[PDB]
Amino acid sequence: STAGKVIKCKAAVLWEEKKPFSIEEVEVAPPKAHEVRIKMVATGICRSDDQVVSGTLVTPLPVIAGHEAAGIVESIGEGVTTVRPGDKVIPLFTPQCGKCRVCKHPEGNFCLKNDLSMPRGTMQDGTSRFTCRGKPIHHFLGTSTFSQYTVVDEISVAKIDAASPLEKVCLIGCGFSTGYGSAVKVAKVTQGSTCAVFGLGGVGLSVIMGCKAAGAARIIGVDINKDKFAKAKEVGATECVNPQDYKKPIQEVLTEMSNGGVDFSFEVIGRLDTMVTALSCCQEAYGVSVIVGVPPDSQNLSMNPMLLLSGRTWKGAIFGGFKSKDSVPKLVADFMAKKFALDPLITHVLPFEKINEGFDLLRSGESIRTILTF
């Protein structure tokens, strides 16, 4: 029996910015009313977790990061109706409370209960379930998956198919759904269109998958790391360009390549300059540019609003525009029905104890997704 008891387990604690994760024993309190304690099975390394280490994505420290994961329900608090002990689950770093104006809106998904806009690093009730060396440790996006056990609010967890392979479908918790939805739900890429995708990591490859599923005729991958090009072509890029190879700015190159601008562009990096470049390279009268990358804390971009007055559309989205709790079980069912592939995103599978090695693979340009296994 662990139910109703404090669990002592292993977690990766980030005590301060720009330091390795500390793998050590934490205490995980039992779930309170409407909370779920999960035994983690697999978690991916997303660039957003690295941005917490870099300090470009601000959230209270010390913290248990990790938000792209899957595991099995260990216990439920009073009042929980949507999952049961032994269920396979994906934590939802964007919650779906079902009650707020956004959850009720046909097109909104950025639930007002999210912990991304103004991060507190707590449970919904403003407290933490984690202690380490006698110190309270913050949560991250209501998920905190870099731990053998986490506690999540019910609105931050989805039940998934009992037969799903958790070492793959953890990517539906972030990278796959974010990129794929950015193309199919947020941009609504059209058949025969020309798309430009800036950044060919796990999220950008998932954007390419979505553009190809939507029947784009041309998908131009843009990355400064030419080692990313082969995999981008495998999942649907028709051509790849490295801005470092050109004397002209890449917006000019992409405008000429697309005979006056692309139909859809996607920023999947998190730099202010590429967000402006991505907007500029879409057709000035009817182009659509989607910001997917997380921009650096408290920094403003500079842009000429004439880019919008001619007719461009600029938008961004969290988690691919998916209503998280409705969508994640459906995406897992679609994966089980072979409607899309996740293996092309997975370059490395490491034990959890090698989390730091996994982060160094990402930082060095050598990995797409490392999956950590508990």
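Numbers for residues come from their place in the sequence shown, where the first is 1.
Annotation for 254-262 versus 116-124: the higher mean temperature factor (C-alpha) is found in 116-124. Checked against the record, the higher mean CA B factor of 311-319 and 44-52 lies with 44-52. Across 284, 154, 267, 234, the greatest Cα temperature factor reported in the deposited entry is at 234.
In the deposited entry, the Cα temperature factor of residue 35 sits in the middle third of values across the chain's modelled residues. Among the modelled residues of its chain, residue 182 has a C-alpha B-factor that falls in the lowest third according to the deposited record. Remark: residue 222 belongs to the lowest third of its chain, ranked by C-alpha B-factor as recorded. In this PDB entry, the Cα temperature factor of residue 230 sits in the middle third of its chain's modelled residues. When the CA B factors of the chain's modelled residues are split into thirds, the value for residue 299 lands in the highest one.
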